[PDB]
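A.B. asks: Provided herewith is a single structure, encoded as structure tokens, for subsequent inquiry.
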Amino acid sequence: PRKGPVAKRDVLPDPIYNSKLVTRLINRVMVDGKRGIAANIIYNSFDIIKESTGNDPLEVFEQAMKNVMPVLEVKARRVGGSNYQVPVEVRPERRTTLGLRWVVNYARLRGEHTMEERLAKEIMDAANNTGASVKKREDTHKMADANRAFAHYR
Amino acid sequence: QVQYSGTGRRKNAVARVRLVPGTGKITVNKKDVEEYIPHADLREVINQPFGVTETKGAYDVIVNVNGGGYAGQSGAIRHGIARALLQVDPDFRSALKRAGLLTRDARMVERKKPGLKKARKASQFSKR
Amino acid sequence: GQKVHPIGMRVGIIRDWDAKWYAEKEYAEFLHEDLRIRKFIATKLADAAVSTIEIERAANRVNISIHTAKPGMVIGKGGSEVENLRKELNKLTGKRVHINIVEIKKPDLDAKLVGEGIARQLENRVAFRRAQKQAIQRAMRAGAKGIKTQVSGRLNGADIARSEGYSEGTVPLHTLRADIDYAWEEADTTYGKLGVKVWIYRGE
Amino acid sequence: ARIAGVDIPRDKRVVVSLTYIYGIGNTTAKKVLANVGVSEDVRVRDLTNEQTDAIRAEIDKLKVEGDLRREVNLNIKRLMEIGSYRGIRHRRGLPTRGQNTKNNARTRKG
Amino acid sequence: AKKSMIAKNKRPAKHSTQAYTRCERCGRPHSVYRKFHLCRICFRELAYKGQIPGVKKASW
Amino acid sequence: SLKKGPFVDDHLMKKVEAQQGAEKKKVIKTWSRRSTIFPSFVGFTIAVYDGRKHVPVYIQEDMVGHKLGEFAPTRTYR
Amino acid sequence: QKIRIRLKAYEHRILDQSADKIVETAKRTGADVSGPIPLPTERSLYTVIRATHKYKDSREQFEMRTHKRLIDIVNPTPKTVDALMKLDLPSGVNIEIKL
RNA sequence: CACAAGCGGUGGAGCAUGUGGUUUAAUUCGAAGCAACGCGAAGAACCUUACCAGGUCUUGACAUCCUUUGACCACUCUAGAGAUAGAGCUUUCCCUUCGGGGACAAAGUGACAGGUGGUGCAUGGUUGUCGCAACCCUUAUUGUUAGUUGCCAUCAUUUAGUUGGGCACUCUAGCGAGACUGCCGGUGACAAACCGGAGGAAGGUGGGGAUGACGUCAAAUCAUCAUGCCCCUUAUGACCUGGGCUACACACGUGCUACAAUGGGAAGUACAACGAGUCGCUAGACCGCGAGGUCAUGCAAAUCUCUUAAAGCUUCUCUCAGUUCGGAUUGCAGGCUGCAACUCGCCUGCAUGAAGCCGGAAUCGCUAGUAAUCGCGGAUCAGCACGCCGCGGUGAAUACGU
Ligand SMILES: [Zn+2]
């Protein structure tokens with residue numbers, strides 16, 4: 001705002017796995033406040049992960065998150081009438097925000113016959129350095145570390 | 001018998017809970033809690049006070065609930081179970097107090113104002 | 001238009017209804033009968049300076065009480081005018097009526113009386129600047145925490161309208177426990193209509 | 001050929017493929033298939049030549065053909081050739097039921 | 001014309017579905033409450049002055 | 001939908017009953033656009049007021065359930 | 001029990017006042033009057049446009065509450081009927097005695 | 001919530017509705033950037049109704065006076081689209097000292113009435129827009145007084161809180177308590193204030209409402225009502241039937257339903273709150289595929305009814321397609337209110353099955369029980385709501401910075 005920084009919106013760790021990350025993942029799949037559907041979807045997807053060439057849904061999910069999250073994002077700014085873009089660092093909460101966002105967005109566009117057949121498949125493809133999510137990360141890193149040219153003294 | 005009674009409120013729903021020594025089970029409105037709130041996992045929200053303090057059994061729980069929806073009248077049940085546990089031994093008012101589990105949630109439905117579409121959503125605008 | 005009616009903001013908080021009866025399934029008839037009554041007795045009021053009127057009613061009788069400042073000039077010589085009031089009001093209401101006349105003390109500390117009097121000077125070609133000033137002067141001498149007046153319309157019997165009033169002492173309007181009074185009257189000199197408003201603060 | 005009129009589709013159940021003949025909606029297909037005793041079983045048309053002739057002879061008792069288009073056509077034809085306020089509108093591409101023409105003709109007039 | 005129409009309103013109507021309400025102070029035909037027989041903006045005027053018994057300003 | 005008997009007006013039905021005897025006249029001039037076309041109105045020529053004038057309409061047989069107002073429009077477009 | 005009261009009013013002050021009047025003048029000559037039980041206070045709501053010609057998007061809302069009160073009498077006596085049907089005060093409060 | 005970070009929209013498609021434009025016998029009048037455009041209207045088939053076309057009246061549809069005087073009616077039958085006119089039993093002294101007064105038809109009789117006709121730039125009154133805190137209301141916790149029509153923990157009983165019993169619990173509603181930077185640590189001129197802790201249901205104006213200064217826009221309204229001046233008066237007044245106000249080469253605003261699998265269809269199982277009811281809300285049983293109908297029952301209401309909420313959950317299907325998506329448009333047959341649904345109502349069934357596969361420039365709403373999504377009630381009202389006012393259910397993302 002204008003007055004100054006604000007709080008961080010504490011979350012309630014889901015009771016099944018006792019992991020706040022699964023809570024945020026449930027919150028991102030959910031649309032229109034229909035939360036039980038989102039919960040059923042995430043649990044069916046994790047069942048599908050473990051049953052087929054899996055070890056545990058938390059482990060492969062964390063690794064997929066690690067492989068997707070970005071570390072260098074740029075910001076397109078305005079100075080006095082000419083606009084450019086400059087890289088900057090990335091604070092931690094924004095990182096997991098972006099990770100979840102990309103994974104869900106690009107699983108929603110897969111093209112199979114169930115959101116589970118999409119989500120489980122996509123985060124498996126992600127934990128093996130594949131999938132449009134990882135390519136989105138690398139597009140970001142390539143835009144950065146190039147557009148540092150008109151950023152070196154910003 | 002001995003028994004312990006508490007009252008729990010949340011979001012237009014009020015519950016009357018009774019603690020009774022037993023083997024660990026809960027029935028509500030003459031039905032089983034697996035069938036009354038069979039949603040997915042709200043039961044793991046209900047059994048939280050037993051999980052934090054007086055760990056963890058064994059009490060049969062009998063409750064009488066009315067009002068609100070299926071998700072309101074389970075937070076209300078949790079409220080009541082916590083109060084009843086407090087009644088058993090007053091030494092629990094610290095472990096429970098740390099983890100919420102003792103306060104009433106005063107988040108009610110905000111009232112609608114005139115000239116507005118909802119409590120805060122306004123109509124669509126056009127500068128010209 | 002940006003002020004609430006000061007005796008409608010306070011009704012049901014520190015003051016009461018000027019009509020105290022409870023009825024259901026006979027409510028429209030009663031409300032219009034009260035309206036008829038009160039719109040009639042503005043006949044004697046034209047001379048006798050009545051301020052309020054309180055309508056109560058029982059099984060079939062109607063209990064009335066009026067606040068005036070002229071007790072004899074409203075009841076008659078030995079009681080020959082209240083007789084007429086009752087025998088006339090029976091012709092409307094078709095019931096039994098019983099006027100119980102009150103008398104008002106300190107009449108210069110009343111919104112309707114003051115404003116209606118200082119709206120009768122305007123009709124007799126009097127300048128307004130001293131009518132309001134003498135009004136608040138004779139309202140403060142009775143002992144009052146504050147008073148405020150305001151006249152509006154074509155002033156002096158002239159062209160385009162304007163407005164102006166004068167204040168004396170404090171008149172807090174936002175305080176709910178304030179017991180303020182208010183009234184709005186009219187008059188003409190020869191051009192259009194004028195509006196006179198008056199507020200008096202009498203402690204709480 | 002196939003079972004009525006022409007060409008009831010393949011690969012679908014009968015309760016749905018029977019919809020494709022002009023004059024058979026959804027409850028009519030149910031009633032026809034019930035007056036005989038044929039189910040769906042399961043998501044295919046693998047009938048018999050007794051089931052095809054069964055569900056073929058009963059459709060003959062309805063107006064499901066180019067015998068129905070004639071009826072509808074000559075109805076609107078009788079409408080527009082007496083007065084007629086409804087037919088006058090039928091002849092202009094304008095809503096014929098009372099529709100306050102501000103947008104409600106994009107369907108009726110393109 | 002609003003003095004002949006109040007007269008025409010009070011005579012018995014020619015058919016069942018021809019009667020209609022009006023205000024009683026004025027003759028406004030739009031938005032009248034049929035518990036009071038008062039229109040939209042005589043209600044707001046007699047509620048102040050505390051003449052209608054019952055009614056007062058609401059807030060919650 | 002007056003399945004409790006269709007609706008004519010008395011004046012209109014009186015006039016048509018009165019002419020039911022012989023060959024008919026074009027002077028049946030009524031306002032009455034709410035009435036339906038009973039199966040006895042055939043061959044006559046009713047005049048139907050459309051808010052401005054009295055339009056004549058000749059009653060064939062295909063028009064036997066409709067109303068008398070369906071044959072005298074009121075709007076005048078182009 | 002073969003005698004009972006009902007009182008409606010717009011002011012709970014006057015309501016409780018008159019209820020205490022009847023309860024006191026009942027237990028003075030008899031006994032066992034069930035307390036003045038409170039009933040759930042009906043409410044209505046009236047929304048109106050506060051301008052004579054335009055501006056629908058600004059309104060003013062009114063209401064009218066109606067307080068209720070119940071009293072049942074147990075074992076009356078040929079003096080309670082008398083000492084009850086006579087007291088009448090005050091004006092704007094509804095009284096309805098059903099056997 | 002002015003940008004920034006976000007979530008869902010509008011602009012594309014069909015339909016509802018308001019406005020411009022054109023058209024017409026009339027498409028009645030008002031509102032015009034923000035601050036006009038689901039606005040006056042919280043209910044246009046007749047009425048409403050001001051507008052138009054035909055048929056009619058002139059002290060008058062409505063008020064006072066004065067005189068003859070005085071009790072006026074309603075009902076029936078012919079003509080008429082009605083307005084009206086012509087005939088039939090008759091409007092018939094309710095104060096009496098013999099001497100009067102209330103209601104009223106006609107007439108006379110003229111004073112007079114009548115105007116939604118003009119002037120918001122002549123005005124009153126009533127609003128929009130820029131836009132102190134406390135005392136009042138509601139919501140979050142509890143003591144006490146009171147237990148019926150509410151409630152059922154310790155007991156028997158049945159279909160059941162029902163009937164015996166009880167007022168413990170919930171609930172209802174009167175009266176009180178409780179939140180004050182009030183204590184504890186640091187920052188800071190030791191000050192005000194800010195950051196952290198304890199205790200508590202609640203912590204820093206706890207959440208929301210009512211409450212709108214002096215003034216600005218000759219802002220809006222002579223059509224809520226009043227009113228100065230001007231205008232009409234066998235007509236700009238008044239009565240009746242039928243027609244517009246709903247017209248359609250188009251342009252703009254506000255909404256609803258969708259373009260599907262986080263879905264469509266079939267069967268089973270659950271959980272609210274605010275409100276309304278006497279010629280009204282309809283229990284129950286039966287008839288109809290259905291909307292509905294018949295006989296009948298309780299209730300002027302914590303007692304009966306409207307009222308088994310819908311999203312939700314569990315099974316069985318369907319398989320990425322202009323389709324078992326979507327439901328516009330048209331044909332036929334019905335129901336309900338009403339004297340009467342052609343212009344011009346709502347609902348039912350069978351048949352038909354359009355555009356539309358997430359929408360450019362540009363632009364909107366919102367900081368938490370909020371946004372998004374789902375139903376329920378009622379004012380107005382014979383009937384008629386995608387609009388308006390309220391109620392509750394499930395329930396997010398983000399705010400580095402100016
Ligand atoms: Zn009025």
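Identifiers in this document derive from the order of the structure tokens: chains are assigned A, B, ..., residues are numbered from 1 separately in each chain, and ligands are numbered from 1 in order of occurrence.
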Which residues are near residue 35 in chain G? Cut-off 12 Å, only C-alpha atoms (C1' of nucleotides), ignore same chain within fewer than 4 positions. Put them as a ChimeraX atom specification.
C.D. replies: /G:4-5,16,19-20,22-24,26-27,31,69-74 /H:145-148
A.B. asks: Can you work out which residues are within 10 Å of ligand 1, considering only C-alpha atoms (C1' of nucleotides) and all ligand atoms, and then hand them over as a ChimeraX atom specification?
C.D. replies: /E:22-33,37-46 /H:224-225
A.B. asks: Could you save the residues just selected, with N, CA and C atoms (P, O5', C5', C4', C3', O3' and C1' of nucleotides), as a PDB file, in the first residue's frame?
C.D. replies:
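The file below, result-v5.pdb, is the result:
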```pdb
ATOM      1  N   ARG E  22     -54.166   4.669  -4.452  1.00  0.00           N
ATOM      2  CA  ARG E  22     -53.536   5.975  -4.525  1.00  0.00           C
ATOM      3  C   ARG E  22     -53.110   6.369  -3.122  1.00  0.00           C
ATOM      4  N   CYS E  23     -52.276   7.395  -3.027  1.00  0.00           N
ATOM      5  CA  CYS E  23     -51.996   7.949  -1.718  1.00  0.00           C
ATOM      6  C   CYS E  23     -53.232   8.673  -1.196  1.00  0.00           C
ATOM      7  N   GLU E  24     -53.249   8.927   0.106  1.00  0.00           N
ATOM      8  CA  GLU E  24     -54.401   9.570   0.719  1.00  0.00           C
ATOM      9  C   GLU E  24     -54.182  11.046   0.999  1.00  0.00           C
ATOM     10  N   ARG E  25     -52.972  11.445   1.377  1.00  0.00           N
ATOM     11  CA  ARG E  25     -52.669  12.867   1.442  1.00  0.00           C
ATOM     12  C   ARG E  25     -52.639  13.472   0.047  1.00  0.00           C
ATOM     13  N   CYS E  26     -51.690  13.038  -0.777  1.00  0.00           N
ATOM     14  CA  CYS E  26     -51.639  13.403  -2.183  1.00  0.00           C
ATOM     15  C   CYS E  26     -52.441  12.384  -2.987  1.00  0.00           C
ATOM     16  N   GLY E  27     -52.269  12.382  -4.298  1.00  0.00           N
ATOM     17  CA  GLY E  27     -52.941  11.398  -5.113  1.00  0.00           C
ATOM     18  C   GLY E  27     -51.949  10.598  -5.918  1.00  0.00           C
ATOM     19  N   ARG E  28     -50.745  10.456  -5.390  1.00  0.00           N
ATOM     20  CA  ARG E  28     -49.694   9.766  -6.114  1.00  0.00           C
ATOM     21  C   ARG E  28     -50.110   8.322  -6.365  1.00  0.00           C
ATOM     22  N   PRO E  29     -50.000   7.823  -7.594  1.00  0.00           N
ATOM     23  CA  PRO E  29     -50.427   6.449  -7.868  1.00  0.00           C
ATOM     24  C   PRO E  29     -49.285   5.445  -7.884  1.00  0.00           C
ATOM     25  N   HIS E  30     -48.046   5.915  -7.809  1.00  0.00           N
ATOM     26  CA  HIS E  30     -46.876   5.052  -7.856  1.00  0.00           C
ATOM     27  C   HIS E  30     -46.315   4.849  -6.462  1.00  0.00           C
ATOM     28  N   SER E  31     -45.973   3.602  -6.148  1.00  0.00           N
ATOM     29  CA  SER E  31     -45.228   3.241  -4.944  1.00  0.00           C
ATOM     30  C   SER E  31     -45.952   3.707  -3.679  1.00  0.00           C
ATOM     31  N   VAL E  32     -47.095   3.080  -3.425  1.00  0.00           N
ATOM     32  CA  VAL E  32     -47.843   3.297  -2.195  1.00  0.00           C
ATOM     33  C   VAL E  32     -47.774   2.029  -1.355  1.00  0.00           C
ATOM     34  N   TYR E  33     -47.579   2.201  -0.053  1.00  0.00           N
ATOM     35  CA  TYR E  33     -47.597   1.101   0.900  1.00  0.00           C
ATOM     36  C   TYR E  33     -49.022   0.879   1.378  1.00  0.00           C
ATOM     37  N   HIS E  37     -51.305   3.150   3.542  1.00  0.00           N
ATOM     38  CA  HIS E  37     -51.982   3.941   2.523  1.00  0.00           C
ATOM     39  C   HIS E  37     -51.293   5.294   2.349  1.00  0.00           C
ATOM     40  N   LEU E  38     -49.966   5.259   2.288  1.00  0.00           N
ATOM     41  CA  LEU E  38     -49.137   6.436   2.087  1.00  0.00           C
ATOM     42  C   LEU E  38     -48.090   6.136   1.027  1.00  0.00           C
ATOM     43  N   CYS E  39     -47.727   7.154   0.259  1.00  0.00           N
ATOM     44  CA  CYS E  39     -46.840   6.963  -0.878  1.00  0.00           C
ATOM     45  C   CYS E  39     -45.383   6.982  -0.425  1.00  0.00           C
ATOM     46  N   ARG E  40     -44.481   6.986  -1.399  1.00  0.00           N
ATOM     47  CA  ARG E  40     -43.062   6.825  -1.115  1.00  0.00           C
ATOM     48  C   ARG E  40     -42.533   7.950  -0.236  1.00  0.00           C
ATOM     49  N   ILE E  41     -42.984   9.183  -0.470  1.00  0.00           N
ATOM     50  CA  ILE E  41     -42.359  10.340   0.166  1.00  0.00           C
ATOM     51  C   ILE E  41     -43.369  11.202   0.902  1.00  0.00           C
ATOM     52  N   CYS E  42     -44.426  10.581   1.405  1.00  0.00           N
ATOM     53  CA  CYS E  42     -45.107  11.059   2.598  1.00  0.00           C
ATOM     54  C   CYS E  42     -44.757  10.210   3.803  1.00  0.00           C
ATOM     55  N   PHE E  43     -44.389   8.957   3.554  1.00  0.00           N
ATOM     56  CA  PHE E  43     -43.876   8.082   4.596  1.00  0.00           C
ATOM     57  C   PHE E  43     -42.629   8.672   5.236  1.00  0.00           C
ATOM     58  N   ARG E  44     -41.645   9.042   4.412  1.00  0.00           N
ATOM     59  CA  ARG E  44     -40.403   9.622   4.908  1.00  0.00           C
ATOM     60  C   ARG E  44     -40.624  10.958   5.591  1.00  0.00           C
ATOM     61  N   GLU E  45     -41.775  11.579   5.372  1.00  0.00           N
ATOM     62  CA  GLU E  45     -42.060  12.898   5.909  1.00  0.00           C
ATOM     63  C   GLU E  45     -42.806  12.829   7.236  1.00  0.00           C
ATOM     64  N   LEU E  46     -43.719  11.875   7.376  1.00  0.00           N
ATOM     65  CA  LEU E  46     -44.438  11.674   8.622  1.00  0.00           C
ATOM     66  C   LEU E  46     -43.738  10.708   9.557  1.00  0.00           C
TER      67      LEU E  46
ATOM     68  P     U H 224     -42.712  16.028  -9.172  1.00  0.00           P
ATOM     69  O5'   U H 224     -43.819  15.535  -8.139  1.00  0.00           O
ATOM     70  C5'   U H 224     -44.827  14.610  -8.519  1.00  0.00           C
ATOM     71  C4'   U H 224     -45.608  14.125  -7.323  1.00  0.00           C
ATOM     72  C3'   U H 224     -46.483  15.151  -6.623  1.00  0.00           C
ATOM     73  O3'   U H 224     -47.736  15.330  -7.250  1.00  0.00           O
ATOM     74  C1'   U H 224     -45.208  14.000  -5.021  1.00  0.00           C
ATOM     75  P     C H 225     -48.409  16.784  -7.328  1.00  0.00           P
ATOM     76  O5'   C H 225     -48.250  17.373  -5.864  1.00  0.00           O
ATOM     77  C5'   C H 225     -49.142  17.023  -4.820  1.00  0.00           C
ATOM     78  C4'   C H 225     -48.747  17.698  -3.531  1.00  0.00           C
ATOM     79  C3'   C H 225     -48.945  19.200  -3.487  1.00  0.00           C
ATOM     80  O3'   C H 225     -50.280  19.554  -3.176  1.00  0.00           O
ATOM     81  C1'   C H 225     -46.803  18.649  -2.634  1.00  0.00           C
TER      82        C H 225
END
```
A.B. asks: Give me the residues near residue 9 in chain F as an MDAnalysis selection string, where near means some atom within 9 Å (using only C-alpha atoms (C1' of nucleotides)) and where sequence neighbours in that chain fewer than 5 positions away do not count.
C.D. replies: chainID F and resid 14 32 34:35
A.B. asks: Give me a file of those residues, with C-alpha atoms, as a JSON list (two decimals), in the first residue's frame.
C.D. replies:
```json
[["chain", "number", "residue", "atom", "x", "y", "z"],
["F", 14, "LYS", "CA", -76.85, -11.06, -31.49],
["F", 32, "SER", "CA", -64.84, -6.02, -30.47],
["F", 34, "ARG", "CA", -61.33, -9.84, -28.60],
["F", 35, "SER", "CA", -63.93, -12.20, -30.09]]
```
A.B. asks: Can you list, as a list in words, every protein, DNA or RNA residue that comes within 6 Å of range 50-55 of chain E when you count only C-alpha atoms (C1' of nucleotides), leaving out same-chain residues fewer than 2 positions away?
C.D. replies: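 The filter keeps residues 17, 18 and 19 of chain C; 46, 47 and 48 of chain E; 63 and 64 of chain G.
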A.B. asks: Would you list the contacts of residue 42 in chain G as a list in words, taking every protein, DNA or RNA residue within 9 Å and counting only C-alpha atoms (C1' of nucleotides), but skipping same-chain residues closer than 6 positions in sequence?
C.D. replies: residues 64, 65, 66, 67 and 68 of chain G
A.B. asks: Which is closest to chain E among B:78, B:11, B:18, B:112, if we use only C-alpha atoms?
C.D. replies: B:112
A.B. asks: Per residue of chain C within 9 Å of chain E, which atom pair is closest and at what distance in Å (one decimal), using only C-alpha atoms, listed by chain and increasing number, as CSV?
C.D. replies:
```
residue,atom,partner,partner_atom,distance
C:5,CA,E:48,CA,6.7
C:6,CA,E:48,CA,8.5
C:7,CA,E:49,CA,6.5
C:8,CA,E:48,CA,4.2
C:9,CA,E:57,CA,7.4
C:11,CA,E:50,CA,6.4
C:12,CA,E:56,CA,6.8
C:16,CA,E:50,CA,7.4
C:17,CA,E:50,CA,4.7
C:18,CA,E:51,CA,5.5
C:19,CA,E:51,CA,5.4
C:20,CA,E:53,CA,6.3
C:21,CA,E:53,CA,7.0
C:22,CA,E:53,CA,7.7
C:25,CA,E:35,CA,9.0
C:27,CA,E:36,CA,7.1
C:28,CA,E:36,CA,5.1
C:29,CA,E:36,CA,8.7
C:31,CA,E:52,CA,7.1
C:32,CA,E:24,CA,8.0
C:34,CA,E:51,CA,8.8
C:35,CA,E:25,CA,8.9
```
A.B. asks: Taking only C-alpha atoms (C1' of nucleotides) into account, produce a table as a Markdown table in which each residue of chain F with an atom at most 7 Å from an atom of range 228-251 of chain H appears once, together with its shortest atom pair and the distance in Å to one decimal, ordered by chain and rising number.
C.D. replies:
```
| residue | atom | partner | partner_atom | distance |
| --- | --- | --- | --- | --- |
| F:31 | CA | H:242 | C1' | 6.6 |
| F:49 | CA | H:242 | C1' | 6.8 |
| F:50 | CA | H:243 | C1' | 6.7 |
| F:51 | CA | H:243 | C1' | 4.0 |
| F:75 | CA | H:247 | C1' | 6.6 |
```
A.B. asks: Can I get the selected residues back with C-alpha atoms, as a PDB file, in the first residue's frame?
C.D. replies:
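The result, stored in out11.pdb:
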```
ATOM      1  CA  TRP F  31     -65.134  -2.708 -32.280  1.00  0.00           C
ATOM      2  CA  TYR F  49     -61.944  -1.124 -35.784  1.00  0.00           C
ATOM      3  CA  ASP F  50     -58.142  -0.916 -35.571  1.00  0.00           C
ATOM      4  CA  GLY F  51     -57.931   2.165 -33.368  1.00  0.00           C
ATOM      5  CA  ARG F  75     -48.953  -0.286 -36.542  1.00  0.00           C
TER       6      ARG F  75
END
```
